[PDB]
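Tertiary structure, described
Chain residues, written in single-letter form:
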Amino acid sequence: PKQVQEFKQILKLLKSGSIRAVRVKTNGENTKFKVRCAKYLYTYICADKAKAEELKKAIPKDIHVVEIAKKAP
Amino acid sequence: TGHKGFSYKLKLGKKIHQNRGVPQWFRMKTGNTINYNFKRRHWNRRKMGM
Amino acid sequence: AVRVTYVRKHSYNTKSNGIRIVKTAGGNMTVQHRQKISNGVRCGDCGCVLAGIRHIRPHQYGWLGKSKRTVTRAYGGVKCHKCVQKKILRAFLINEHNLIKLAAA
Amino acid sequence: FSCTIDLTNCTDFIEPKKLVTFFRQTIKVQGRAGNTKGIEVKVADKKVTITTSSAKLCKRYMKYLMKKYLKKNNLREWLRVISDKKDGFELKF
RNA sequence: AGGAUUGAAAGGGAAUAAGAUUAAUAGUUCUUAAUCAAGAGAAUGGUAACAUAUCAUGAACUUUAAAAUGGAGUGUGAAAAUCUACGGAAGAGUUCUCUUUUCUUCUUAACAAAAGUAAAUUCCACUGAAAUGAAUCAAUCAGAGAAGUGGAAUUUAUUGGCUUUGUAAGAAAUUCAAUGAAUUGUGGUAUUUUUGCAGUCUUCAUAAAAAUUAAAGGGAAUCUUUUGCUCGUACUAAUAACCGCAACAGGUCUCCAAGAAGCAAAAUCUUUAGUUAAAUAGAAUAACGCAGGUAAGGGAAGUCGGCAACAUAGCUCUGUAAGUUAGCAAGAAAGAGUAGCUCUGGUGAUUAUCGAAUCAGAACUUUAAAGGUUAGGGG
RNA sequence: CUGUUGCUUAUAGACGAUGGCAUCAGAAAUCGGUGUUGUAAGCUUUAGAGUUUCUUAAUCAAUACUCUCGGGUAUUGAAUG
């Protein structure tokens, strides 16, 4: 698993065709966007809800998105 | 041992297979004298030397 | 105090059977197989350990970056920087002497 | 620091008023019994509260005295002090 | 181009971890997360030490290094365990006598990242030491160049040692409710183990090789995807699975390893785990036995012979002969002290607070104190 | 008549035997006597060297005083009831 550091690395990651699955985890403070690629599981820790919403707009429509919360799926 | 050769394990399996008794139907044949297998052994009674 | 067991079938404390006990979830301690300690490169002349090259197993240099197993210098990775300075002086000074000794002394 | 006692089911077995006289005479703020002047237990109506900030108190201390109190009147066998996860303690059978 | 075969389930070796699961297999299954091999699709920077997600070409031939190398003892970095300080959360125990009390949980993998930040060693640049300095527990070092300042590199159980981070809280542990909810701080100038490191000592002892890999000198030439075959894998490993004719008090190689107390991995007691059965019992309580003991007065008179038993026994202080290969004899011999309770002083760190068990001293009291266990008889 | 059996029976005893009683049997507690050890537990003498804290107010304190010639034990192979 690799951690991306800024937004522009994960905007570029999503618009590529190599995505395989996205899981969104909501925690007490932050939100993690664990994009599952072919090799690694890249994740982005965001601390602003507005920035989190922008990421969900950029997610393609043919890809499955899983939302995880205080209860495991 | 835990580690064993392939052929040695098959000769161990056959020794397990030959430690069986006469089936009941075979004992009901006419003029039958074979009732018990006298080639029987138990792990704690006789070591099979192999 | 949690006591552990060897995971593999080796039962003797040989050099290749080194273990490290680490902690895991719930207070359980598991067994990790730890690597052996290697030696670094040495200067071919003075036998001193070179700088800039890591001390890892010989096959692990294949996984190393191509620039992380040698130093960018003539005889890099086989000779110390002092081992090379004397090489240059020997090559130059001797050749200079052989020009005044022979060749119309 | 505020700690409330939930007698919403066993108010009859332990009426609130008997707790206050027992509680305010029992907590050892600095080693003595009954010298709880800086403790404001008050009535709390339905429940029994402490809501004291001036002195050094602990939630685990509150469960200690109550369990001691339950043994005082010999009714600990039926009851059971269980925290409500809401900075208070409630009693169950 | 160079020497054939075999020879190690403890020597060398490409690469996997956590959780769950079975009546029984699990670094092998499941979930999740990785790694390795084999493939398929003629460069810059730094004074320098040296540094740059592949980068940034490098054939024959040759060389170098790694794999790959004793032991002792001392100091020290780090992790774990134990202990302990502060701050709480949840549950349990005691409670007529007290106890803001005692106890349990508060966790995190492989592989990678690089906020913050260590110890030790070796090198590089500036300058040139004597009024000689520098430094360690010990040493040890210096004009073929010390100390100082500024740098580079490597090691420290995977990337880069520790904290932290992705993994990853969704797991797991502790509780509550009837599947669903709650929390998961920060330290220590303490001890042990493990793991490295640094120099010191020691040898008429110098403490393996290959497979395999990398680099150099040289200048010949011009991210995605597929596969990963054969065999072992159950169980005991022993006061019942092994060898002794046996469910034989005999023998048989290893790994992990809590509290008290003490110099001690000693004797003795307990915790986690295991077990209460391990060639049958009950009654009576004769002689003679096997094992463990005690004894008036005398004290080896017993006997081949102090055989057996008794006796001394830890620590501190004083003191210690003849003889001698001058090293020893020596713990010679001999004498004094030792308990409990309440106090006082010494030994440090940071600028008053914080911590280490250790030494010495003084009153008071008592059953006058190593001796429950362990523990030299002397000449 | 005698034996078994009962009193987990004694003046007896390896086992048998022997001795006693067997319904006015027997056993059991409790009580008193008789012995052993040495003054229980709770509260009180500031007993109490000192410390500590409020600053004569407490504490904590080995040991010590009164209750206390106490308490505990006592047939099990002791004696009355």
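Residues numbered from 1 in each chain as written, not as in the entry; some residues may be left out. Chains lettered and ligands numbered in written order. Part of a larger assembly, values for the part shown. Heavy atoms only, no water.

As documented in the archive entry, the model was determined using cryo-EM at 3 Å resolution.

1. Here's the deal with the overall build of chain A
The number of helices and strands found in chain A is two helices and five strands. On C-alpha atoms alone, chain A measures out to a radius of gyration of 11 Å, which is about the 11 Å that the 2.2 N^0.38 rule sets for 73 residues. Across the 73 residues that make up chain A, the buried fraction comes to 32%. Pairs at least 24 apart in sequence give 49% of the contacts found in chain A among residues at least 6 apart. Taking the average location of the 18 positive side-chain charges in chain A and that of its 7 negative ones, the two points are 8 Å from each other. (Helix = DSSP H or I, 4+ residues; strand = E, 2+ residues; numbered from the N terminus. Rg over C-alpha atoms; globule rule 2.2 N^0.38 Å. Buried < 20%, exposed > 50% of the residue type's maximum accessible area, 1.4 Å probe, protein only. Contact = heavy atoms within 4.5 Å. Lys, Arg positive; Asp, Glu negative; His and termini not counted. Charge placed at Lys NZ, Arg CZ, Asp CG, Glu CD.)

2. Focus: the packing of aromatic side chains
All names here are of chain D. In total, this model carries seven aromatic pairs over all chains according to the counting rule given. Note on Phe-22 and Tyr-69: the rings are 5.0 Å apart at their centroids and 45° apart in plane angle, and the pair reads as tilted. With a gap of 47 residues between them, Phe-22 in helix α1 (residues 16-23) and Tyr-69 in helix α2 (residues 59-72) connect regions that are remote in the sequence. Ring centres of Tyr-61 and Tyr-64 lie 6.2 Å apart, and the angle between their planes is 20°; this geometry places the pair in the stacked category. (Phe/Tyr/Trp six-rings, centres within 6.5 Å; stacked < 30°, edge-to-face > 60°.)

3. Brief notes about the state of the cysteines
If you walk through the whole model with that rule in mind, you get two disulfides over all chains. Shown here is the disulfide that connects C:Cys80 with C:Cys83, its sulfur atoms set 2.0 Å apart. Here the disulfide of C:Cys80 and C:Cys83 is right-handed, its torsion about the S-S bond being about 110°. Of the residues examined, C:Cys80 reaches a relative accessible area of 9% and is grouped as buried. C:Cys48 takes part in no disulfide bond, and the closest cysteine sulfur to it belongs to C:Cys46, at a distance of 3.6 Å. Of the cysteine sulfurs around D:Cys3, a residue in no disulfide, the closest is that of D:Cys58, at 9.9 Å. (Disulfide = S-S within 2.5 Å.)

4. Examining the sheet that holds strand β2 (residues 48-49) of chain D
Residue and element names in this part refer to chain D. With mixed pairing, four strands are arranged side by side in an open sheet as β2-β1-β4-β3. Each end of this open sheet is capped by a strand with a single partner; those strands are β2 and β3 (81-83). Looking at chain direction, strand β1 (residues 4-6) and strand β4 (residues 88-91) are connected through three bridges and run parallel. Paired with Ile-5 across the two strands is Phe-89, which belongs to β4. Against the sheet, α2 makes contact with β1, β3 and β4, and its axis sits at roughly 25° relative to β4, the strand it touches most. (Pairing = 2+ DSSP bridges. Axes fitted to C-alpha atoms, helices over the stretch in contact; angles between N-to-C directions.)

5. Regarding the side chain of A:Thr43
Within the secondary structure layout, A:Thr43 lies in the loop between β3 (41-42) and β4 (45-46). Setting aside residues up to four positions removed in sequence, A:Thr43 forms contacts with A:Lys2, A:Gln3, A:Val4, A:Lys32, A:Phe33 and A:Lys34.

6. Concerning the protein's contact with RNA strand E
As a structural note, the neighbourhood of RNA strand E is formed by 107 residues, with A:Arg23, A:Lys34, C:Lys66, C:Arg73 and D:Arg80 the closest of them. In RNA strand E, the atoms that sit within 4 Å of the protein are 72% sugar and phosphate, with bases accounting for the remainder. Interatomic distance of 2.9 Å between a side-chain N/O atom of D:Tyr64 and a base nitrogen of RNA strand E. With respect to RNA strand E, the side chain of D:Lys72 contributes an N or O atom lying 2.7 Å from a base nitrogen. Listed by contribution, the elements that provide at least two residues to the surface near RNA strand E are β1 (21-26), β2 (31-36) and β3 of chain A, α1 (6-17) of chain B, β1 (19-23) and β2 (29-33) of chain C together with α2 and β3 of chain D. Take the surface near RNA strand E: its biggest share by element is nine residues, from α2(D). Looking at the surface near RNA strand E, its residues break down into 38 nonpolar, 32 polar and 37 charged. (Near = heavy atom within 4 Å. Polar contact = N/O pair within 3.5 Å; in protein donor to acceptor, adjacent residues only side chain to side chain. Nonpolar A, V, L, I, M, F, W, Y, C, P; charged D, E, K, R; others polar.)

7. Some thoughts on the pattern of salt bridges
Under the criterion given, the structure shown has four salt bridges over all chains. For C:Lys79, the salt bridge goes to C:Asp45, with nearest N and O atoms at 3.5 Å. Of this pair, C:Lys79 sits in the loop between β2 and α1 (81-101) while C:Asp45 sits in the loop between β2 and α1; the two residues are 34 residues apart in sequence, bridging distant segments of the chain. Overall, C:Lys79 belongs to the buried group, its relative accessible area being 14%. Owing to a relative accessible area of 47%, C:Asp45 belongs among the partly exposed residues under this scheme. Residue D:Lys92 pairs with D:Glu90 through a salt bridge whose shortest N-O separation is 3.2 Å. (Salt bridge = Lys/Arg side-chain N within 4 Å of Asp/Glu carboxyl O.)

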